[PDB]
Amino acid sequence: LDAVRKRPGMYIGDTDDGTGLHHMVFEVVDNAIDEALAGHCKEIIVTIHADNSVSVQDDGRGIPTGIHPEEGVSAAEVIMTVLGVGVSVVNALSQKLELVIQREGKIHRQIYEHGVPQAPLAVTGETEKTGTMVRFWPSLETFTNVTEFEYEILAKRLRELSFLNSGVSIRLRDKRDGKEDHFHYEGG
């Protein structure tokens, strides 16, 4: 990840005008849509939290959690820490990132700070559901000037995406003011 940290602008885009900041959300959304398309129901939920973090949930199979034979860590960690631009870029440029994977009846949890995992991926409990959740706090050392998420920028893009991804329910929620939207095109 040190390559991304050296020159963040080359990977995410402009880090001052807010375009790079919103590209962080859309990179994560692309991965979530990818996961949601594997299942039958297919719903993603994008939430803008009151602390200007964004979470993206899907109800898909869940990112692989088993140990990678070469890397010697969970396959989830490899995805988050090895170099669309990749979710590893989002992780690198997030001062905090929370990963929650529900898979094979188990809840898996891991926390990152500036791309560095705080502990190995851990099974913390049980679940009937499946899916992946990523919540990230954009790094204020990287992202300057425009640091807060504009609802309209996300709402517009997710609406455009709904028509290209048939059968995928996309929910947008803003916990700052309670505003929400539901984009679900069922064509074909």
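Here the rigid core means the biggest group of C-alpha atoms that line up within 1.5 Å when the two forms are laid on top of each other. Residue positions are given as counts along the sequence shown, with the first one as 1.
Novice: In 9 other deposited structures of this protein, superposed by the rigid core, which stretch departs further from the shown form in CA positions, 34-42 or 64-72?
Specialist: Most displaced of the pair in 9 other deposited structures of this protein: 34-42.
Novice: After superposing on the rigid core, which of 84-92 and 102-110 has its C-alpha atoms sitting farther from this form in 9 other deposited structures of this protein?
Specialist: Higher root mean square deviation of C-alphas in 9 other deposited structures of this protein is shown by 84-92.
Novice: Zero if continuous, otherwise a range: how many residues of the deposited sequence are missing coordinates between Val116 and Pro117 (none, 1 to 3, 4 to 9, 10 or more)?
Specialist: Unmodelled stretch: none, continuous chain.
Novice: For the higher mean C-alpha B factor in the entry, choose 37-45 or 24-32.
Specialist: Higher of the two, by average CA B-factor, is 37-45.
Novice: Based on the PDB record, which member of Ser162, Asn145, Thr132, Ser139 exhibits the highest Cα temperature factor?
Specialist: Each of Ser162, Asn145, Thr132, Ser139 was compared by C-alpha B-factor; the highest is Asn145.
Novice: Grab the CA temperature factor for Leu99 from the record and place it in the lowest, middle or highest third of its chain.
Specialist: Tercile = lowest for this residue's CA B-factor.
Novice: Would the CA B-factor of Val87 place it in the lowest, middle or highest third of its chain?
Specialist: Middle third.
Novice: Could you look up the Cα B-factor of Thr127 in the entry and say which third of the chain it sits in: lowest, middle or highest?
Specialist: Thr127: CA B-factor falls in the middle third of its chain.
Novice: Can you work out whether the C-alpha temperature factor of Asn52 puts it in the lowest, middle or highest third of the chain?
Specialist: For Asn52, the deposited C-alpha B-factor lands in the highest third.
Novice: What third of its chain, lowest, middle or highest, does the C-alpha temperature factor of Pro69 fall into?
Specialist: Ranked within chain, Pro69 CA B lands in the highest tercile.
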